[PDB]
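The next block holds one structure in the form of structure tokens; read it before the comments.
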Amino acid sequence: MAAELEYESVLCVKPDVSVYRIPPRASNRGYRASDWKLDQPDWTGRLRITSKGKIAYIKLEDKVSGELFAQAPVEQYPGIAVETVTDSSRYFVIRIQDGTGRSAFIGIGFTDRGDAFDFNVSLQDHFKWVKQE
């Protein structure tokens, strides 16, 4: 049906997810959403991540069909740049890096925390081992 050979790949996906777009800038470490705010840059579509073997790459588009299509390749090493609302608001942000110099910052959230949780916790389940393999 699908299980035949195991490999190093998270296999994270999500047909229903929302993400924000903000200039790749940062003069510090601690974010400030409560003061940053954002209601314009926030496209909706499908987001997922995977890894061939020695490296990884995140693919995004639309679970339905989309159009443009894009992705963000990762070196599968400089894993970092992930945080949430320092002052507590109602969303979260995630970023990635590759080669130790190229990293993109974007926000991820949903009209509800319950759903946005299952999605986030899903990508992790595949990454680090805790609840399953």
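A note on labels: chains of the structure tokens are A, B, ... as shown, every chain counts residues from 1, and ligands are counted from 1 in their shown order.
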
Subject >> Selection near residue A:90, 12 Å with only C-alpha atoms, sequence-local residues under 3 positions removed, as a list in words >> reply: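 What passes the distance filter is residues 33, 34, 37, 38, 84, 85, 86, 87, 93, 107, 108, 109, 110, 111, 112, 113, 114, 116 and 117 of chain A.
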
**OP:** Considering only C-alpha atoms, return as a PyMOL selection string whatever protein or nucleic-acid residues lie within 12 Å of stretch 16-29 of chain A, sequence-local ones (same chain, fewer than 3 positions apart) excluded.
**Re:** chain A and resi 13+32-33+36-48+60-64+80-84+86+91-97+102-113+115-120

Original post:
When DSSP works through the backbone of this structure, what residues of chain A end up as strand (DSSP E), shown as a count of residues only?
Top reply: 40

For residue A:72, work out the shell of residues within 7 Å, counting only C-alpha atoms and skipping chain neighbours fewer than 2 positions away, then give it as a compact mmCIF listing (two decimals) with C-alpha atoms, in the first residue's frame.
# COMPACT_ATOMS: atom_id res chain seq x y z
CA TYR A 57 13.65 20.64 0.53
CA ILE A 58 10.27 22.14 1.36
CA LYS A 59 7.60 22.13 -1.35
CA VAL A 74 17.48 23.16 2.60

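Distance-wise, atom CA of residue A:78 and atom CA of residue A:14 end up 23.1 Å apart.
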
Every residue of chain A that DSSP places in helix (DSSP H, G or I), as a short mmCIF file (atom, residue, chain, number, x, y, z; two decimals) with N, CA and C atoms, in the first residue's frame:
data_model
loop_
_atom_site.label_atom_id
_atom_site.label_comp_id
_atom_site.auth_asym_id
_atom_site.auth_seq_id
_atom_site.Cartn_x
_atom_site.Cartn_y
_atom_site.Cartn_z
N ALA A 33 5.58 39.79 17.58
CA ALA A 33 4.34 39.77 16.80
C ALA A 33 3.32 40.76 17.34
N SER A 34 3.08 40.70 18.65
CA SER A 34 2.11 41.58 19.29
C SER A 34 2.31 43.02 18.84
N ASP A 35 3.55 43.37 18.52
CA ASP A 35 3.89 44.71 18.07
C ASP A 35 4.13 44.74 16.56
N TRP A 36 4.44 43.58 15.98
CA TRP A 36 4.70 43.49 14.55
C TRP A 36 3.39 43.51 13.76
N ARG A 113 -6.41 27.76 16.70
CA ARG A 113 -5.18 27.20 17.26
C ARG A 113 -5.22 25.67 17.24
N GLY A 114 -6.41 25.11 17.45
CA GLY A 114 -6.56 23.67 17.46
C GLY A 114 -6.02 23.01 16.21
N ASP A 115 -6.44 23.50 15.05
CA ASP A 115 -5.99 22.95 13.78
C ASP A 115 -4.52 23.25 13.54
N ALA A 116 -4.14 24.52 13.71
CA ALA A 116 -2.76 24.93 13.52
C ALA A 116 -1.81 24.10 14.37
N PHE A 117 -2.33 23.51 15.44
CA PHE A 117 -1.53 22.68 16.33
C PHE A 117 -1.25 21.33 15.69
N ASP A 118 -2.31 20.63 15.28
CA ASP A 118 -2.17 19.32 14.66
C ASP A 118 -1.17 19.35 13.51
N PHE A 119 -1.23 20.40 12.70
CA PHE A 119 -0.32 20.55 11.57
C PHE A 119 1.13 20.63 12.06
N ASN A 120 1.40 21.59 12.94
CA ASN A 120 2.73 21.78 13.49
C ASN A 120 3.26 20.50 14.14
N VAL A 121 2.50 19.96 15.09
CA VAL A 121 2.91 18.76 15.79
C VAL A 121 3.13 17.59 14.83
N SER A 122 2.48 17.65 13.67
CA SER A 122 2.63 16.60 12.67
C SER A 122 4.03 16.60 12.07
N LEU A 123 4.48 17.76 11.60
CA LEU A 123 5.81 17.87 11.00
C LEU A 123 6.88 17.42 11.98
N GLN A 124 6.68 17.71 13.26
CA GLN A 124 7.64 17.33 14.29
C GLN A 124 7.68 15.81 14.46
N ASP A 125 6.50 15.21 14.62
CA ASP A 125 6.39 13.76 14.79
C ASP A 125 7.31 13.01 13.82
N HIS A 126 7.37 13.50 12.58
CA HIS A 126 8.20 12.89 11.56
C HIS A 126 9.68 13.21 11.79
N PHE A 127 9.95 14.45 12.20
CA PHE A 127 11.31 14.89 12.44
C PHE A 127 11.92 14.18 13.66
#

Original post:
So how many Å separate atom CA of residue A:51 and atom CA of residue A:10, to one decimal?
Top reply: 6.8 Å
